[PDB]
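Quick notes on the structure that follows.
Lettering of chains follows the sequences in order, A, B, ..., and the numbering in each one begins at 1. Below, each value reflects all heavy atoms present in this structure, side chains not excepted, and no hydrogens, waters or symmetry copies.
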Amino acid sequence: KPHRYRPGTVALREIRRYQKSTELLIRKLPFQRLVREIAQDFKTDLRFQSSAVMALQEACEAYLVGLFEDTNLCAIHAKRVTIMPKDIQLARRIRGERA
Amino acid sequence: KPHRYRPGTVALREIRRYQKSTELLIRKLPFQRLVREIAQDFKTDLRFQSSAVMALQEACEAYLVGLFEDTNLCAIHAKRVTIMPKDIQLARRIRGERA
Amino acid sequence: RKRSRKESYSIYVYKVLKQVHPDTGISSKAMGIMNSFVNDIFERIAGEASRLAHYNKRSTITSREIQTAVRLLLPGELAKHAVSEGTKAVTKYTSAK
Amino acid sequence: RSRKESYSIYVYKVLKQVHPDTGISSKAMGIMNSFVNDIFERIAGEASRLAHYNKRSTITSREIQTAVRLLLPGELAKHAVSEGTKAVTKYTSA
Amino acid sequence: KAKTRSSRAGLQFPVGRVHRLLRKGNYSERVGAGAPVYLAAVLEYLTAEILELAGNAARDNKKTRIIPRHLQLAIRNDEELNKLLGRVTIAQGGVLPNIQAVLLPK
Amino acid sequence: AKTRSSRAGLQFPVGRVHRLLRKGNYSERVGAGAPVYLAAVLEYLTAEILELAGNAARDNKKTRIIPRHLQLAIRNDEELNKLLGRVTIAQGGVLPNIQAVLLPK
Amino acid sequence: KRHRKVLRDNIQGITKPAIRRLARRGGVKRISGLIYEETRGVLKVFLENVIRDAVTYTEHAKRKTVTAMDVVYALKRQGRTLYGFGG
Amino acid sequence: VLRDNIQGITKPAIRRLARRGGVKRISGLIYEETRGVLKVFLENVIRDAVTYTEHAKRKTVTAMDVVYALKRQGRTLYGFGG
DNA sequence: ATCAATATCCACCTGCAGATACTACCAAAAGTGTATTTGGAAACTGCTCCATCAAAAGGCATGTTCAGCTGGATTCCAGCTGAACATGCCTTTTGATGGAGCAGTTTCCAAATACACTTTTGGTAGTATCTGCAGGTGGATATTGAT
DNA sequence: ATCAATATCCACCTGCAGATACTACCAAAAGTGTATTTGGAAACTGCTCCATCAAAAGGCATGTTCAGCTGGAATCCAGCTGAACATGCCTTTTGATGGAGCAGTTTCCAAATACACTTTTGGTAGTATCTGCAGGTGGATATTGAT
Ligand SMILES: [Mn+2]
Ligand SMILES: [Mn+2]
Ligand SMILES: [Mn+2]
Ligand SMILES: [Mn+2]
Ligand SMILES: [Mn+2]
Ligand SMILES: [Mn+2]
Ligand SMILES: [Mn+2]
Ligand SMILES: [Mn+2]
Ligand SMILES: [Mn+2]
Ligand SMILES: [Mn+2]
Ligand SMILES: [Mn+2]
Ligand SMILES: [Mn+2]
Ligand SMILES: [Mn+2]
Ligand SMILES: [Mn+2]
């Protein structure tokens with residue numbers, strides 16, 4: 001039989017891998033694309049410093065990682081190990097980001 | 001034959017009662033003693049404007065009420081109707097009061 | 001000895017109350033709340049305008065700083081209307097003398 | 001062309017005093033600069049409010065101190081107060 | 001005959017006082033003439049907005065006098081005022097009646 | 001002529017701190033003691049972080065402090081973490097931490 | 001000339017019915033037995049932090065009397081702004 | 001292929017973010033939920049950033065514009081000036 | 001228990017992007033000295049309001065009994081999500097290249113500040129008198145729960 | 001559904017605390033006018049760095065299969081927590097008194113601002129040398145999962 005890791009094993013491996021490193025985890029150009037599109041709805045023909053986009057990605061990724069931590073606690077609170085939209089919503093509600 | 005409301009009926013009546021009113025729910029004099037005890041442990045021979053104590057009590061009650069709201073959402077998230085210490089702790093962690 | 005004068009926004013809040021609800025009064029405790037509200041929003045807008053002027057190396061807070069500060073601080077419709085009422089008041093003020 | 005001030009060379013001096021054989025990347029130096037600026041603003045801002053609250057037009061070492069107590073956690077605040085008191089004493093005598 | 005800067009601006013809120021508070025508050029070295037006018041207008045508008053909704057809340061409760069409860073009801077029921085005052089506590093305001101659906105009997 | 005920093009026994013620039021204070025519109029006046037005290041507090045705080053971050057570099061077998069080391073120092077220190085609780089360090093990443101219930105067996 | 005009685009254990013003046021009432025206003029229907037001591041602990045931390053800051057303002061003003069403004073300023077900087085007592 | 005920009009924020013990238021957040025198992029609906037949350041965050045920050053740009057009468061969003069906007073939203077960022 | 005498949009770690013190596021050490025140049029900034037102004041500490045004290053008192057009383061806390069129904073444990077299984085592999089698509093690199101526009105410099109005037117003098121006003125302060133509604137009662141309607 | 005116990009509703013009323021009303025007073029505020037200063041807008045422009053372009057290179061995202069195991073549904077039951085009751089204590093309320101200490105007013109000097117002048121420094125720009133460590137290698141060995 002060809003080798004195969006149990007479900008959850010590789011995931012735990014990835015957790016250790018990414019909690020060890022600091023590199024950004026969203027692709028640069030797709031992110032740069034998203035930012036410019038959103039900015040366009042506020043003011044037309046804008047240009048961006050490269051450091052401006054980088055500041056945005058760092059702040060945005062750090063925000064999502066922290067949010068995922070809270071989300072994880074909410075899932076575990078409900079005796080699950082799987083995070084659900086239910087969990088993200090509860091975290092954001094208690095954070096005061098909504099409702 | 002002696003009348004009994006089912007468990008939960010009176011609790012709901014009480015929720016409606018206190019969500020309708022605005023008066024302070026902690027007894028005035030005991031709260032004043034607590035304030036003086038705590039302040040004394042920080043600095044001796046302090047005096048208090050009466051409105052200062054009331055300012056503290058308005059803030060403390062509004063804080064706890066808001067905390068019980070979040071706590072309630074945490075218990076419901078776990079598919080319970082009964083709030084527990086682990087709900088309070090979860091709400092305070094996500095709030096960033098212990099994180 | 002005279003106790004020093006304690007300024008508040010009460011008589012102005014009251015005027016606006018009568019414009020908006022001619023037959024409605026307001027308790028002193030509610031007036032207390034309204035006074036806290038005006039002072040709070042005052043400090044918020046003024047603080048934001050202060051930072052704004054400093055980020056742009058300006059030593060003057062003009063109506064333009066106040067306006068941007070209002071856009072930063074207020075949400076949606078509130079910003080829209082506040083800006084309009086502010087612009088209106090300034091144009092009127094300058095159109096005199 | 002104009003110049004841009006930074007705390008870099010002062011951060012570097014302090015580094016060599018605590019870890020003489022340790023270097024620091026430019027990215028890490030950017031972080032330290034953000035740190036110094038942030039804490040400056042926090043402390044200055046709090047000192048400002050203190051003076052205003054008490055109808056004072058002068059921010060003195062006393063305002064900086066109360067501000068530090070309000071802003072820093074226990075032990076960090078203790079040492080900071082001591083370091084600040086020390087520097088003002090040595091500045092008075094010298 | 002002098003005209004107040006408030007009447008000159010067509011405002012109920014005091015332009016003179018706002019200008020004075022701006023200078024005394026150490027926000028900048030200089031304060032332009034349009035700044036207190038604009039700010040007074042914004043403050044007045046916001047005041048009108050809240051008093052409008054609080055007056056309605058009072059009426060809804062068969063009262064003719066606005067009390068803190070009415071101010072709280074008006075603020076928490078308006079999505080935008082709630083956002084602006086999301087970190088504010090109204091003394092003697094209480095909370096909105098709100099019972100989570102799952103708590104009701106069936 | 002001896003600088004105020006030398007006169008105060010400080011590495012951080014007192015004159016600059018004083019100038020930043022009065023130009024920041026924090027008050028009408030600034031006492032001579034205030035920029036000394038504030039410069040001292042800032043230097044001390046800088047030292048504490050650089051010390052802890054330096055150790056973090058040592059532990060990682062590096063001689064050069066990078067963002068990651070600053071993050072490790074701050075988040076592993078109870079008081080520094082509290083002081084900088086609402087601050088994100090660019091390129092800092094997070095502390096290694098896995099909830100027990102997620103571990104196998 | 002004379003001193004006041006010793007103040008101790010006053011946290012228990014925050015009774016179970018008082019905590020139940022606060023929970024009701026917060027929309028809570030059912031309450032576990034361990035909530036009451038947990039709530040007292042949480043309340044004490046909140047109170048200590050606000051009072052510490054307030055008293056710090058008091059002392060800076062060289063006063064012996066904690067004012068409502070001291071409290072309001074303390075609440076403000078803790079991110080718990082309070083309307084109805086203040087400036 | 002026709003492609004929306006928020007959909008450019010891919011599932012595997014969202015997965016890596018969750019991993020750094022210490023998340024072991026992810027529900028299928030998370031990825032769309034995340035993108036929506038991402039968008040609101042970016043909108044809020046960029047709006048304030050652009051507002052600083054306009055006030056300075058510029059056509060270029062600077063790192064400082066972003067840094068100031070982040071500080072407004074209580075998301076203070078170290079390392080990009082300020 | 002054995003045993004094979006991968007992941008992971010350690011030791012060493014090398015190219016280079018980023019750190020450093022140097023010399024020179026200069027505008028701004030920090031130090032020095034002097035003359036002038038003034039904020040706020042001291043002293044004195046009027047007077048608000050805080051601490052403490054007593055005393056009566058009923059609203060409410062405490063403690064117990066009782067059992068309804070909630071939380072927690074257990075089992076079970078459909079199906080969702082992780083792992084792995086096969087494609088192939090587009091992000092990444094980097095290097096050059098206009099040129100947009102940030103930013104530096106010069107000019108200069110509308111508007112700000114400083115100031116002296118005149119007038120208006122909002123804030124007590126002292127009484128004097130309406131009035132919205134809290135809280136009481138009573139009796140009609142509604143809700144809940146047993147049967 | 002019927003019914004009985006109890007909460008809820010609402011109209012009515014009365015006491016009164018708190019809101020409204022007036023005059024008198026006045027210190028500070030606000031407004032006017034003149035003179036003097038200057039922030040920053042405007043116009044022009046050099047140089048930074050941003051957008052775009054090509055163009056492989058391939059790393060990484062996407063689609064599919066299979067099944068391990070997780071989430072959710074169902075079932076049971078011990079016992080926790082809610083409801084109701086009896087008891088009586090301690091909070092609440094009302095009013096008074098002394099005096100602590102907050103706060104208002106005035107005198108006054110140490111310290112801060114304001115200039116003018118001199119000197120030092122930190123940011124700078126080239127210019128050249130140096131080095132910590134990322135990234136690649138191999139081989140040891142730890143981990144995981146099949147038996
Ligand atoms: Mn004690
Ligand atoms: Mn004076
Ligand atoms: Mn039973
Ligand atoms: Mn159940
Ligand atoms: Mn051009
Ligand atoms: Mn008047
Ligand atoms: Mn009633
Ligand atoms: Mn000029
Ligand atoms: Mn199966
Ligand atoms: Mn399971
Ligand atoms: Mn008893
Ligand atoms: Mn005395
Ligand atoms: Mn030098
Ligand atoms: Mn390596």
Checking all strands, does [X] fall into the base, sugar-phosphate, or nothing category for heavy-atom contacts under 4.0 angstrom?
X	value
E:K63	sugar-phosphate
G:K1	nothing
B:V81	sugar-phosphate
B:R36	sugar-phosphate
E:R8	sugar-phosphate
B:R4	base
H:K57	sugar-phosphate
C:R1	base
F:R64	sugar-phosphate
E:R23	nothing
C:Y12	sugar-phosphate
G:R21	sugar-phosphate
G:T67	nothing
D:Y12	sugar-phosphate

Within this structure, what is the [atom1]-to-[atom2] distance between [X] and [N], rounded to whole angstrom?
X	N	atom1	atom2	value
A:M84	J:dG71	CE	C1'	6 Å
A:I83	J:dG71	CD1	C1'	15 Å
B:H77	J:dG72	NE2	P	10 Å

Rounding to an integer number of angstrom, what distance separates [N] and [M] when you compare their [atom1] atoms?
N	M	atom1	value
I:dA116	J:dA112	P	27 Å
I:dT124	J:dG104	P	11 Å
J:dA43	J:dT119	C1'	38 Å
J:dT38	J:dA114	P	12 Å
J:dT8	J:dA83	P	13 Å
J:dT144	J:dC66	P	28 Å

Item to check | Angle by which the axis turns from one end of the helix from I:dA27-J:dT121 to I:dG39-J:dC109 to the other, five pairs per end, to 10 degrees | outcome: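 It works out to 50° between the end axes.
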Heavy-atom distance under 4.5 Å between the side chains of [X] and [Y], does that happen here?
X	Y	value
E:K63	E:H70	yes
G:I31	G:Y36	yes
D:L50	G:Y57	yes
D:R62	G:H60	yes
A:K43	H:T53	no
B:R27	G:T15	no

Smallest separation among heavy atoms of [X] and [Y], with atom names:
X	Y	result
E:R69	B:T22	CD-CG2, 3.6 Å
B:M84	G:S32	CG-CB, 4.0 Å
C:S63	C:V90	CB-CG2, 4.4 Å
C:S10	C:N35	OG-ND2, 3.1 Å
B:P85	G:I35	N-CD1, 3.7 Å
A:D87	B:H77	OD1-NE2, 2.9 Å

Next on the checklist: Which is more 5' along DNA chain I, the nucleotide nearest G:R4 or the one nearest C:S8? Just name the residue.
Outcome noted: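 Between the two, 5'-proximity favours G:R4.
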Next on the checklist: Nearest heavy atom decides the nucleotide; on that basis, is E:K62 or A:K28 closer to the 5' end of DNA chain I?
Outcome noted: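 Counting from the 5' end, the first nearest nucleotide belongs to A:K28.
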Item to check | Span of DNA chain I in contact with chain F (heavy atoms, under 4.0 Å) | outcome: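 Extent of the interface on DNA chain I: I:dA19 to I:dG39.
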Item to check | Sequence-distant partners of D:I9, side chain to side chain contact (heavy atoms under 4.5 Å, CB included), two or more places apart | outcome: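 With sequence neighbours excluded, D:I9 shows a side chain to side chain contact (heavy atoms under 4.5 Å, CB included) to no residue whatsoever.
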Checklist entry - B:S21: what forms a side chain to side chain contact (heavy atoms under 4.5 Å, CB included) with it, not counting sequence neighbours? => result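 If we apply the side chain to side chain contact (heavy atoms under 4.5 Å, CB included) test to B:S21, skipping adjacent residues, the hits are B:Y18, B:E23, G:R25.
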Does [N] carry a north or a south sugar when the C1'-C2'-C3'-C4' torsion is used to decide?
N	result
J:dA146	north
J:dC16	south
J:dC85	south
I:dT62	south
I:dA1	north

Checklist entry - In terms of ring plane angle, is the pair D:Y7 and F:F12 parallel, tilted or perpendicular, where the classes change at 30° and 60°? => result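 Plane angle under 30°, so parallel.
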Nucleotide opposite [N] in a Watson-Crick or G-U pair, distances under 3.5 Å:
N	result
J:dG132	I:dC16
J:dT124	none
I:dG138	J:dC10
I:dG145	J:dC3

Checklist entry - CZ of B:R17: more than 12 outside heavy atoms within 6.0 angstrom? => result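 At most 12 heavy atoms, drawn from other residues, nucleotides or ligands, come within 6.0 Å of this atom.
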Checklist entry - Is it true that G:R63 and G:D70 make a salt bridge, defined as a side-chain N closer than 4.0 Å to a carboxylate O? => result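 Yes, this pair counts.
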Next on the checklist: Any salt bridge linking H:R15 with A:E14? Criterion: basic side-chain nitrogen under 4.0 Å from a carboxylate oxygen.
Outcome noted: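 Salt bridge present between H:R15 and A:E14.
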Checklist entry - How far does the helix from I:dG46-J:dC102 to I:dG58-J:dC90 bend, going by the axes of its first and last five pairs, to the nearest 10°? => result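 Rounded value for the end-axis angle: 40°.
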Checklist entry - Using the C1' atoms of five pairs at each end, what's the angle between the two axes of the helix from I:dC60-J:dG88 to I:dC76-J:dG72, to 10 degrees? => result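 End-to-end axis angle: 40°.
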Next on the checklist: Nearest heavy atom decides the nucleotide; on that basis, is C:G25 or F:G33 closer to the 5' end of DNA chain J?
Outcome noted: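 The 5'-side residue here is C:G25.
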Item to check | Whichever of A:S50 and F:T3 has its nearest DNA chain J nucleotide further upstream toward 5' | outcome: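 With A:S50 and F:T3 compared, the 5'-side residue is A:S50.
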